[PDB]
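Input: a single structure, listed below in structure tokens.
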Amino acid sequence: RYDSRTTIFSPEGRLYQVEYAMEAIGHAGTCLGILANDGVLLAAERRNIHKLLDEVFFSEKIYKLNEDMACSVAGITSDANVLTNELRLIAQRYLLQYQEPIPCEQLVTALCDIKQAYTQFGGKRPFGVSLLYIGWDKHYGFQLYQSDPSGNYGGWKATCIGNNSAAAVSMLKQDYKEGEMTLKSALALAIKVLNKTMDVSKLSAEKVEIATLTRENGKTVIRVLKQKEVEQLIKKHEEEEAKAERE
Amino acid sequence: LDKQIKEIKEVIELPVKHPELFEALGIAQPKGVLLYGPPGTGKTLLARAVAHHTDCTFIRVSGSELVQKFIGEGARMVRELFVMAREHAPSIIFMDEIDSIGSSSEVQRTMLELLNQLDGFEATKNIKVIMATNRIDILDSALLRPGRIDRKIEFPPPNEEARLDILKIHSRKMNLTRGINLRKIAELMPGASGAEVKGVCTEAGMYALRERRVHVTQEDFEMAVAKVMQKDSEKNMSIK
Amino acid sequence: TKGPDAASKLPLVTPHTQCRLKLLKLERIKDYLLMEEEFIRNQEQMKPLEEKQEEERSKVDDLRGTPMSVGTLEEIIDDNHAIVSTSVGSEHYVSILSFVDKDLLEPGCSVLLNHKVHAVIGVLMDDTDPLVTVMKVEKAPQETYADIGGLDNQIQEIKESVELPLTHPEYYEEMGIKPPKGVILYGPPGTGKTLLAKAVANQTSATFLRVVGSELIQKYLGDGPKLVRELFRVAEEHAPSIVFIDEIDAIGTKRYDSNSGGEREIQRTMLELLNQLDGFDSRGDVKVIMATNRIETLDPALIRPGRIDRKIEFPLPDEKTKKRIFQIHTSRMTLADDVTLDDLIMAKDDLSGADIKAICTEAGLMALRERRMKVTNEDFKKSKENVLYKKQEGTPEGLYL
Amino acid sequence: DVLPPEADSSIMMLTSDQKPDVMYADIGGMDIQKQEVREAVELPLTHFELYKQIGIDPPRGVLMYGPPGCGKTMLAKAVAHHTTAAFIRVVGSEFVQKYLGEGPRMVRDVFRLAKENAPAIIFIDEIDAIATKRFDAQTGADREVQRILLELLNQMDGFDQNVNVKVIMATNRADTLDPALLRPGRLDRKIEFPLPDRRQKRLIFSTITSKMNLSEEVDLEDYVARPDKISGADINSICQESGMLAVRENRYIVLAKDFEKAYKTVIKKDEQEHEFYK
Amino acid sequence: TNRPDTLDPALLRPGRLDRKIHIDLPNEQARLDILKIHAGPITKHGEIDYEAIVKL
Ligand SMILES: Nc1ncnc2c1ncn2[C@@H]1O[C@H](COP(=O)(O)OP(=O)(O)OP(=O)(O)O)[C@@H](O)[C@H]1O
Ligand SMILES: Nc1ncnc2c1ncn2[C@@H]1O[C@H](COP(=O)(O)OP(=O)(O)OP(=O)(O)O)[C@@H](O)[C@H]1O
Ligand SMILES: Nc1ncnc2c1ncn2[C@@H]1O[C@H](COP(=O)(O)OP(=O)(O)O)[C@@H](O)[C@H]1O
């Protein structure tokens, strides 16, 4: 009805196309992040697993936007690549101009402004991608942010974006503690959330991917856990579940 | 699904058997009950169950509408039907479709007549209605008003325990041998549709028949589970 | 001319509780009804003079056979040989005199005649289509206004339109203003339009007329609008009165072309109804009330001054009207002190009266489930959750605004 | 005196007495499908005491899915020819404009027929139009088909009016099929009808050519072991056209070159293409 | 008949519809023969340049 053109305004002040994009974000792999003071963690569900696929790349839903930040994406693949490239360009431009790393909020707001611009003109359709950013900077320590197709963004201590985000956020809000995670508890909580939300059982290590950003000797370290660490973590979670049995 | 049975009993049997309780309470007794199960499992089977212990004139309309067709009587489902039902003072009617005759053409005239007739404004009581359908949201809001319809009941897919219970129920006649483990069968068939349990049982029986035996085995039931489920896949649409 | 409804069996039961007054009040009512029964039980018993052992009547009995046929009185002839046709068009010029009053002779009015000699019997039958005579009602359902609460503006408007005219025209007469005739009540479903309709029906000095919108779909082609024309004629005949049409969005909707060519013909009914409502001639002294859920869909031609002089919206009670309805409903049931109606009222928005009735009933049912006749706040806490589950809306407008 | 009953299914009982006259062995190759459909329909209609002994509630719904021309309508015809039930197909896909929703108008009759004489069976393909998936509920004249499908579902599942009235659906490529009319208790047996493969083309060739002049020099093995995918309708057409080619030259017995010509003619693939689309 | 716009692949399959015959394109000489045939039941002088007429 009042659709097709991004520009038209529904008689109730609703931009239907952008809302359609927001909804359609739901057809995306699960992705979530947790603040976990002294560090920060990102995890995602590597859906669409097939025997023949090779997986030669280094992660698929996790990217290194910068020597101090990282981000994860959910939505159309082409738009994902476009936005990741743009983010890297923005970060490097700022570094060149000021000779200092880009604060996370500035990068987020720049990309979000691009998205809004796309939602503002009639030539083009809104970006159908939403993403999470995790980083550190001198101004505000560690930070986690979320950005949506409409162009709006926020900061959170923990949040999930894609697929069954509702259940994930419910569990997080009913289980997360403020200022006490210390990472390891964050990893355990993330694994539990993935286990519950993900359809597959036993949480095959191949299904999930995990990255963690921390500080050490004044430099940031952004390392993606390999198979062995995830195997140990999931084994620990399963053992704990068994321990809770009969008690 | 004991909870659903208890609720339906409360809303149907109690008012037509214990008016004193309600009148003492001082609250008008309920009239309308809606059954909406996304898969539809059990839905009017519950309907037939309540019909059995009806103790009152059980009316039922399930054939689309009936003669709602080219001219000869506009909205013949109503007026005459309800005066008939009210003639048999205690009675309950069944609308198995609840997807036709109202979702928002010339068809909706009869739906409006039905809504008016069921609503107040000189309407009597002692009648009750149960409606069966899937995806109630498409149903018109008017029919979803609390006044016309009071209780809404969803039939979620049975869990492992409910799946086991229904399997036991449909396996009473089966000559299951010693060794089968219904627990396992319930476990490895998540997302059951209720009717799927009866289906797996029947197909297992057929498997036993083909070999010309009178015994069913854990292997047979596992083959049954495999046969019942159907999977779909297609590559290069895995984007997003 | 005629009269109206004759229900109203002493609407003064005003304790509304288990008190000896209502035991005394109702036993007075039992006393006057038993005596009026006994007054008609022996009324005929007294004065054996049963029509003077009989006279005159024998003549009418013998002159007219046991069965009386009916027909249409055609052109009259002074010699009593007015032409009359039977149901099969059996036109016959036939004599017409017995002990029969020959002053109510009109073309087109049903007349009675003899089966064998076809002679006019006498009693020019005075009756109409039974499909409409059934609609006439003389039993007020429930209380007039006390039950309804919060719609002071709407009740004021409807009162001015209907009740005040047939109570005191002094203002209208002196100022020369003709009272408004047509009123269309509209709003979201369950707001209570039906409730107010019944309300006025309980306190209408004039005869009430009830019709559902989807009642003029007579199968046979044509006919139809004849139904509504006869209905209006009947209503006009029976003294002043009000005609109520529920769910009017079934006979008039945007008056769009046949399109597929099915020739639904309901458009013809709508046009005839509109003509009868306001076109040529004069309507007379008849009020009209219309109720529907969607009004915009109605075609403009039906909705205009002179046909619907008032459009009355029924909005969702916000807080005050909501509280009025809530405690009005809860009054007739035992409730606990701890209950906080205002708490629930504030907590929830976009709630209509039907939902209030449903939620109070469900709370009572849950309390009975717990085996406690008295209710508690927690009962309502569970009830409002159970009832308000079907509603699920809201686009992902949770961040951008 | 109450007169005997009147009215008749389709033209008459079993769609009149005109049986399709096809023998299961007369149509060979679909051994598996034959066995499955037989177990589904014939056994319960025939002695079902074994079913009771098992206590199985024999199924009443089975559909056969396969490309358009791989043995279907012929299988139903054979079932009609070698059954004892009052098989009243009479299910011409009826959009109609006046009488809408004749589902109950028919099934009830058949059930009335079923109890009148004995349990009946139904069969049809090209029901894909009625499949749909609901979607919009407002667009006028578009929801009539959904009303028809809902009436059909209600009649099929409905109530305990069982009389083992079996149903056969031969419209397939089941994606538009509503899950409502696809579930155990609903149409139960899903049986595939793949393209006649190697070792099946030989059976079909032998069965069709049984009654033929058979020059005795054409080796059917050449076509049996030859590549390329060909459905049974195509094989029958090939035989027919070979015979016509033979008769055209006033040749009473079909010769090998005639068979070769027929095979070449019937194989025409797209026959237009556009040299793009690859 | 060429009237049916829709053509059924099952019909054109060998058997049902054995073969299809395309109406030949008139060559303007078949036109001359047709004119002669129709010229038959016509009264005329006889000095008819039928070829000239068909070319006209
Ligand atoms: N848990 C269950 N208990 C009883 N019957 C069940 C159950 N699950 C499936 N069934 C079977 O499924 C059928 C339910 O019929 P019902 O009246 O609910 O049909 P419906 O509402 O039209 O939809 P559906 O075909 O999905 O049931 C019956 O055959 C019933 O025996
Ligand atoms: N404010 C109120 N005060 C008292 N009772 C109310 C109120 N609002 C609703 N009700 C009761 O709840 C019922 C539900 O609304 P109702 O059935 O009148 O629906 P409607 O859509 O307004 O009218 P209709 O049923 O004719 O379409 C009312 O008829 C009345 O009995
Ligand atoms: N026994 C048989 N074995 C193989 N092919 C057969 C057999 N009987 C018939 N055929 C061929 O296949 C057809 C079977 O019907 P089919 O074409 O599969 O139906 P539809 O394509 O309409 O679903 C016959 O008309 C004939 O062309």
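Letters for chains follow the order of the structure tokens (A, B, ...), residue numbers begin at 1 for each chain, and ligand numbers begin at 1 in the order shown.
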
- Please return as a list in words: the residues of stretch 101-176 of chain A that backbone DSSP assigns to strand (DSSP E). residues 129, 130, 131, 132, 133, 134, 135, 136, 137, 141, 142, 143, 144, 145, 146, 147, 153, 154, 155, 158, 159 and 160 of chain A

With C-alpha atoms retained, could you export that selection as an mmCIF file, in the first residue's frame?
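Output contents, as saved in again.cif:
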data_model
loop_
_atom_site.group_PDB
_atom_site.id
_atom_site.type_symbol
_atom_site.label_atom_id
_atom_site.label_comp_id
_atom_site.auth_asym_id
_atom_site.auth_seq_id
_atom_site.Cartn_x
_atom_site.Cartn_y
_atom_site.Cartn_z
ATOM 1 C CA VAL A 129 22.044 -5.543 7.792
ATOM 2 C CA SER A 130 22.414 -5.204 11.555
ATOM 3 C CA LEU A 131 25.615 -5.667 13.480
ATOM 4 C CA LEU A 132 27.470 -5.583 16.780
ATOM 5 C CA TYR A 133 30.732 -3.820 17.573
ATOM 6 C CA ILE A 134 33.098 -4.615 20.426
ATOM 7 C CA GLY A 135 36.136 -2.523 21.180
ATOM 8 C CA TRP A 136 38.319 -0.692 23.648
ATOM 9 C CA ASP A 137 39.540 2.877 23.835
ATOM 10 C CA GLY A 141 37.422 1.492 28.460
ATOM 11 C CA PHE A 142 35.611 -1.432 26.889
ATOM 12 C CA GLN A 143 32.429 -0.942 24.919
ATOM 13 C CA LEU A 144 29.801 -2.920 23.061
ATOM 14 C CA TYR A 145 27.388 -1.347 20.593
ATOM 15 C CA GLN A 146 24.570 -2.498 18.351
ATOM 16 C CA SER A 147 23.465 -0.962 15.059
ATOM 17 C CA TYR A 153 22.394 2.491 17.437
ATOM 18 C CA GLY A 154 22.827 1.809 21.122
ATOM 19 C CA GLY A 155 25.240 0.549 23.742
ATOM 20 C CA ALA A 158 25.034 -7.875 26.565
ATOM 21 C CA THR A 159 22.752 -8.500 23.614
ATOM 22 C CA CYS A 160 21.841 -10.827 20.742
#

- Please write out the residues within 7 Å of ligand 3 as a list in words, counting only C-alpha atoms and all ligand atoms.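 Going residue by residue within 7 Å of ligand 3, we get residues 26, 27, 28, 29, 67, 68, 69, 70, 71, 72, 73, 74, 125, 170, 204, 232, 233, 234, 235, 236 and 237 of chain D.
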
Dump of N, CA and C atoms for the selected residues, as a PDB file, in the first residue's frame:
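Result saved to out-v1.pdb:
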ATOM      1  N   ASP D  26      -0.488 -56.384 -16.793  1.00  0.00           N
ATOM      2  CA  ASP D  26      -0.630 -55.710 -18.078  1.00  0.00           C
ATOM      3  C   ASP D  26       0.156 -54.408 -18.109  1.00  0.00           C
ATOM      4  N   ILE D  27       0.425 -53.827 -16.949  1.00  0.00           N
ATOM      5  CA  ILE D  27       1.198 -52.593 -16.836  1.00  0.00           C
ATOM      6  C   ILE D  27       2.307 -52.862 -15.827  1.00  0.00           C
ATOM      7  N   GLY D  28       3.472 -53.256 -16.325  1.00  0.00           N
ATOM      8  CA  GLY D  28       4.572 -53.645 -15.476  1.00  0.00           C
ATOM      9  C   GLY D  28       5.590 -52.540 -15.289  1.00  0.00           C
ATOM     10  N   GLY D  29       6.391 -52.691 -14.239  1.00  0.00           N
ATOM     11  CA  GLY D  29       7.507 -51.804 -13.982  1.00  0.00           C
ATOM     12  C   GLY D  29       7.439 -51.142 -12.624  1.00  0.00           C
ATOM     13  N   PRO D  67       6.843 -37.147 -12.101  1.00  0.00           N
ATOM     14  CA  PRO D  67       6.688 -36.258 -13.255  1.00  0.00           C
ATOM     15  C   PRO D  67       5.430 -36.579 -14.041  1.00  0.00           C
ATOM     16  N   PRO D  68       5.004 -35.682 -14.930  1.00  0.00           N
ATOM     17  CA  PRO D  68       3.748 -35.900 -15.660  1.00  0.00           C
ATOM     18  C   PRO D  68       3.897 -36.863 -16.826  1.00  0.00           C
ATOM     19  N   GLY D  69       3.803 -38.160 -16.525  1.00  0.00           N
ATOM     20  CA  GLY D  69       3.934 -39.191 -17.570  1.00  0.00           C
ATOM     21  C   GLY D  69       4.843 -40.323 -17.136  1.00  0.00           C
ATOM     22  N   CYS D  70       4.734 -40.749 -15.876  1.00  0.00           N
ATOM     23  CA  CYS D  70       5.593 -41.857 -15.389  1.00  0.00           C
ATOM     24  C   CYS D  70       4.723 -42.903 -14.690  1.00  0.00           C
ATOM     25  N   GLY D  71       3.520 -43.140 -15.217  1.00  0.00           N
ATOM     26  CA  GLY D  71       2.615 -44.146 -14.633  1.00  0.00           C
ATOM     27  C   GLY D  71       1.867 -43.608 -13.428  1.00  0.00           C
ATOM     28  N   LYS D  72       0.615 -43.194 -13.631  1.00  0.00           N
ATOM     29  CA  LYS D  72      -0.228 -42.676 -12.523  1.00  0.00           C
ATOM     30  C   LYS D  72      -1.681 -43.028 -12.845  1.00  0.00           C
ATOM     31  N   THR D  73      -2.329 -42.197 -13.666  1.00  0.00           N
ATOM     32  CA  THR D  73      -3.694 -42.395 -14.122  1.00  0.00           C
ATOM     33  C   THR D  73      -3.906 -43.841 -14.530  1.00  0.00           C
ATOM     34  N   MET D  74      -2.906 -44.444 -15.174  1.00  0.00           N
ATOM     35  CA  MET D  74      -3.016 -45.849 -15.547  1.00  0.00           C
ATOM     36  C   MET D  74      -3.072 -46.746 -14.318  1.00  0.00           C
ATOM     37  N   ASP D 125      -5.815 -36.650 -10.055  1.00  0.00           N
ATOM     38  CA  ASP D 125      -4.667 -35.768 -10.205  1.00  0.00           C
ATOM     39  C   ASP D 125      -5.134 -34.368 -10.585  1.00  0.00           C
ATOM     40  N   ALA D 170      -3.180 -37.794  -7.136  1.00  0.00           N
ATOM     41  CA  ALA D 170      -2.146 -37.961  -8.145  1.00  0.00           C
ATOM     42  C   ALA D 170      -1.642 -36.633  -8.693  1.00  0.00           C
ATOM     43  N   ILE D 204       8.775 -52.006 -19.498  1.00  0.00           N
ATOM     44  CA  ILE D 204       7.710 -51.275 -20.177  1.00  0.00           C
ATOM     45  C   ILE D 204       7.697 -51.612 -21.662  1.00  0.00           C
ATOM     46  N   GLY D 232       7.183 -43.075 -19.476  1.00  0.00           N
ATOM     47  CA  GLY D 232       6.376 -44.137 -20.056  1.00  0.00           C
ATOM     48  C   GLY D 232       5.458 -43.649 -21.159  1.00  0.00           C
ATOM     49  N   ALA D 233       4.836 -42.487 -20.962  1.00  0.00           N
ATOM     50  CA  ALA D 233       4.036 -41.907 -22.031  1.00  0.00           C
ATOM     51  C   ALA D 233       4.862 -41.776 -23.299  1.00  0.00           C
ATOM     52  N   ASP D 234       6.118 -41.355 -23.158  1.00  0.00           N
ATOM     53  CA  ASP D 234       6.979 -41.217 -24.325  1.00  0.00           C
ATOM     54  C   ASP D 234       7.244 -42.564 -24.980  1.00  0.00           C
ATOM     55  N   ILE D 235       7.450 -43.613 -24.185  1.00  0.00           N
ATOM     56  CA  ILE D 235       7.717 -44.926 -24.766  1.00  0.00           C
ATOM     57  C   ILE D 235       6.501 -45.424 -25.536  1.00  0.00           C
ATOM     58  N   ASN D 236       5.312 -45.272 -24.952  1.00  0.00           N
ATOM     59  CA  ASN D 236       4.103 -45.665 -25.663  1.00  0.00           C
ATOM     60  C   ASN D 236       3.956 -44.870 -26.949  1.00  0.00           C
ATOM     61  N   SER D 237       4.247 -43.571 -26.893  1.00  0.00           N
ATOM     62  CA  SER D 237       4.180 -42.751 -28.095  1.00  0.00           C
ATOM     63  C   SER D 237       5.181 -43.232 -29.136  1.00  0.00           C
TER      64      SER D 237
END

- Task: Would you give me, as a list in words, the residues of chain B that come within 6 Å of chain C, using only C-alpha atoms?
- Result: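 Close to chain C, chain B has residues 25, 26, 27, 71, 72, 73, 74, 109, 113, 142, 146 and 147 of chain B.
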
- Task: Would you list the residues that come within 9 Å of ligand 1? Count only C-alpha atoms and all ligand atoms and give the answer as a PyMOL selection string.
- Result: (chain B and resi 1+35-48+96-97+132-134+157-158+162-163+165-167+169-170+192-199) or (chain D and resi 153-154+157-159+179-186)

- Within 12 Å of chain C, which residues of chain D show up when using only C-alpha atoms, listed as a PyMOL selection string? chain D and resi 97-98+140-141

- Can you list every residue in stretch 10-219 of chain B that DSSP puts in helix (DSSP H, G or I), as a PyMOL selection string? chain B and resi 10-17+19-25+43-52+80-87+108-118+136-138+141-144+160-170+182-187+195-210+218-219

With ligand 2 as the partner and 12 Å as the cut-off, tabulate the residues of chain B that qualify, each row holding the nearest pair of atoms and their distance in Å to one decimal, using only C-alpha atoms and all ligand atoms, sorted by chain and rising number, as a tab-separated table.
residue	atom	partner	partner_atom_place_in_ligand_line	distance
B:28	CA	ligand 2	31 (O)	10.6
B:112	CA	ligand 2	27 (O)	9.1
B:113	CA	ligand 2	27 (O)	10.6
B:114	CA	ligand 2	25 (O)	10.9
B:115	CA	ligand 2	25 (O)	7.5
B:116	CA	ligand 2	25 (O)	6.3
B:117	CA	ligand 2	25 (O)	9.2
B:118	CA	ligand 2	25 (O)	8.8
B:119	CA	ligand 2	25 (O)	5.4
B:120	CA	ligand 2	17 (O)	6.2
B:121	CA	ligand 2	26 (O)	7.4
B:122	CA	ligand 2	26 (O)	11.0
B:123	CA	ligand 2	17 (O)	10.9
B:141	CA	ligand 2	21 (O)	10.2
B:142	CA	ligand 2	21 (O)	7.3
B:143	CA	ligand 2	25 (O)	9.9
B:144	CA	ligand 2	21 (O)	11.0
B:145	CA	ligand 2	14 (C)	7.8
B:146	CA	ligand 2	14 (C)	7.6
B:147	CA	ligand 2	14 (C)	5.4
B:148	CA	ligand 2	17 (O)	7.5
B:149	CA	ligand 2	17 (O)	10.8
B:150	CA	ligand 2	14 (C)	11.4

- Show me which bits of chain D are within 7 Å of chain B, counting only C-alpha atoms, as an NGL selection string. :D and (54-57 or 98-101 or 104 or 137-138 or 140 or 147 or 150-151 or 154-155 or 184-185)

Limited to N, CA and C atoms, could you put the picked residues into a file as a PDB file, in the first residue's frame?
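Once everything was written out, this is out-v9.pdb:
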ATOM      1  N   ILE D  54      -3.695 -57.403  13.986  1.00  0.00           N
ATOM      2  CA  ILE D  54      -2.668 -56.445  14.372  1.00  0.00           C
ATOM      3  C   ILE D  54      -3.295 -55.273  15.112  1.00  0.00           C
ATOM      4  N   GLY D  55      -4.493 -54.865  14.700  1.00  0.00           N
ATOM      5  CA  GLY D  55      -5.138 -53.703  15.277  1.00  0.00           C
ATOM      6  C   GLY D  55      -4.459 -52.423  14.845  1.00  0.00           C
ATOM      7  N   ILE D  56      -4.564 -52.110  13.558  1.00  0.00           N
ATOM      8  CA  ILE D  56      -3.718 -51.096  12.948  1.00  0.00           C
ATOM      9  C   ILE D  56      -4.490 -49.882  12.452  1.00  0.00           C
ATOM     10  N   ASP D  57      -5.812 -49.945  12.323  1.00  0.00           N
ATOM     11  CA  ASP D  57      -6.545 -48.808  11.782  1.00  0.00           C
ATOM     12  C   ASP D  57      -6.030 -48.506  10.379  1.00  0.00           C
ATOM     13  N   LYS D  98     -21.558 -20.951  -9.312  1.00  0.00           N
ATOM     14  CA  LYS D  98     -22.777 -20.941  -8.515  1.00  0.00           C
ATOM     15  C   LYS D  98     -22.697 -21.903  -7.337  1.00  0.00           C
ATOM     16  N   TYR D  99     -22.491 -23.194  -7.588  1.00  0.00           N
ATOM     17  CA  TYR D  99     -22.349 -24.174  -6.516  1.00  0.00           C
ATOM     18  C   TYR D  99     -20.871 -24.289  -6.172  1.00  0.00           C
ATOM     19  N   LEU D 100     -20.497 -23.743  -5.025  1.00  0.00           N
ATOM     20  CA  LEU D 100     -19.118 -23.691  -4.572  1.00  0.00           C
ATOM     21  C   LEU D 100     -18.990 -24.538  -3.315  1.00  0.00           C
ATOM     22  N   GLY D 101     -18.010 -25.434  -3.303  1.00  0.00           N
ATOM     23  CA  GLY D 101     -17.871 -26.363  -2.202  1.00  0.00           C
ATOM     24  C   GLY D 101     -18.771 -27.567  -2.362  1.00  0.00           C
ATOM     25  N   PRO D 104     -18.319 -31.848   0.157  1.00  0.00           N
ATOM     26  CA  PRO D 104     -19.315 -32.621   0.911  1.00  0.00           C
ATOM     27  C   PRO D 104     -20.435 -33.141   0.036  1.00  0.00           C
ATOM     28  N   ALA D 137      -6.655 -13.201   3.074  1.00  0.00           N
ATOM     29  CA  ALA D 137      -8.007 -13.625   3.417  1.00  0.00           C
ATOM     30  C   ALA D 137      -9.053 -12.582   3.038  1.00  0.00           C
ATOM     31  N   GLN D 138      -8.653 -11.520   2.339  1.00  0.00           N
ATOM     32  CA  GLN D 138      -9.530 -10.392   2.042  1.00  0.00           C
ATOM     33  C   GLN D 138      -9.881 -10.258   0.571  1.00  0.00           C
ATOM     34  N   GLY D 140     -11.456 -10.485  -2.579  1.00  0.00           N
ATOM     35  CA  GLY D 140     -12.651 -11.220  -2.945  1.00  0.00           C
ATOM     36  C   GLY D 140     -12.426 -12.088  -4.167  1.00  0.00           C
ATOM     37  N   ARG D 147     -11.751 -21.664   0.558  1.00  0.00           N
ATOM     38  CA  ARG D 147     -12.945 -22.240   1.165  1.00  0.00           C
ATOM     39  C   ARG D 147     -13.158 -23.667   0.679  1.00  0.00           C
ATOM     40  N   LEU D 150     -10.653 -25.941   2.401  1.00  0.00           N
ATOM     41  CA  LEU D 150     -11.018 -26.165   3.794  1.00  0.00           C
ATOM     42  C   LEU D 150     -12.187 -27.134   3.903  1.00  0.00           C
ATOM     43  N   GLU D 151     -13.183 -26.995   3.027  1.00  0.00           N
ATOM     44  CA  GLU D 151     -14.281 -27.955   3.021  1.00  0.00           C
ATOM     45  C   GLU D 151     -13.761 -29.356   2.750  1.00  0.00           C
ATOM     46  N   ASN D 154     -12.011 -30.687   5.892  1.00  0.00           N
ATOM     47  CA  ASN D 154     -12.994 -31.058   6.900  1.00  0.00           C
ATOM     48  C   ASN D 154     -13.667 -32.372   6.543  1.00  0.00           C
ATOM     49  N   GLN D 155     -14.050 -32.542   5.280  1.00  0.00           N
ATOM     50  CA  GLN D 155     -14.691 -33.788   4.885  1.00  0.00           C
ATOM     51  C   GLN D 155     -13.736 -34.965   5.013  1.00  0.00           C
ATOM     52  N   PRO D 184       0.132 -37.383   8.938  1.00  0.00           N
ATOM     53  CA  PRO D 184      -0.437 -38.672   9.328  1.00  0.00           C
ATOM     54  C   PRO D 184      -1.832 -38.475   9.894  1.00  0.00           C
ATOM     55  N   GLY D 185      -2.735 -39.371   9.520  1.00  0.00           N
ATOM     56  CA  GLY D 185      -4.158 -39.183   9.736  1.00  0.00           C
ATOM     57  C   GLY D 185      -4.773 -38.494   8.542  1.00  0.00           C
TER      58      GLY D 185
END

- Counting only C-alpha atoms, which of E:15, E:9, E:4, E:40 gets nearest to chain D?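 Of all the options, E:15 lies closest to chain D.
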
- Query: Interatomic distance between atom CA of residue D:44 and atom CA of residue D:58?
  - Reply: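 Separating atom CA of residue D:44 from atom CA of residue D:58 is a distance of 6.5 Å.
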
- Query: For chain E against chain D, which residues fall within 9 Å using only C-alpha atoms, given as a PyMOL selection string?
  - Reply: chain E and resi 13-15+18

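Each of A:109, A:17, A:163, A:6 was compared to chain B using only C-alpha atoms, and A:163 turns out to be the nearest.
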
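The gap separating atom CA of residue B:140 from atom CA of residue C:300 is 24.4 Å, in Å to one decimal.
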
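The two atoms in question, atom CA of residue C:254 and atom CA of residue C:298, are spaced 5.5 Å apart.
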
Find the residues of chain B that sit at most 7 Å from chain A; for each, write down the nearest two atoms and how far apart they are in Å, to one decimal. Count only C-alpha atoms. Sort by chain, then by number going up, and give it as JSON lines.
{"residue": "B:238", "atom": "CA", "partner": "A:48", "partner_atom": "CA", "distance": 6.5}
{"residue": "B:239", "atom": "CA", "partner": "A:77", "partner_atom": "CA", "distance": 6.4}
{"residue": "B:240", "atom": "CA", "partner": "A:76", "partner_atom": "CA", "distance": 4.4}

- Item | chain A contacts to chain C at 8 Å (only C-alpha atoms) as a PyMOL selection string | chain A and resi 19+22-23+150-152

- Item | Distance query residue A:60 at most 9 Å, only C-alpha atoms, self and fewer than 3 positions along chain excluded, as JSON, numbers by chain | {"A": [46, 55, 57, 63, 72, 209]}
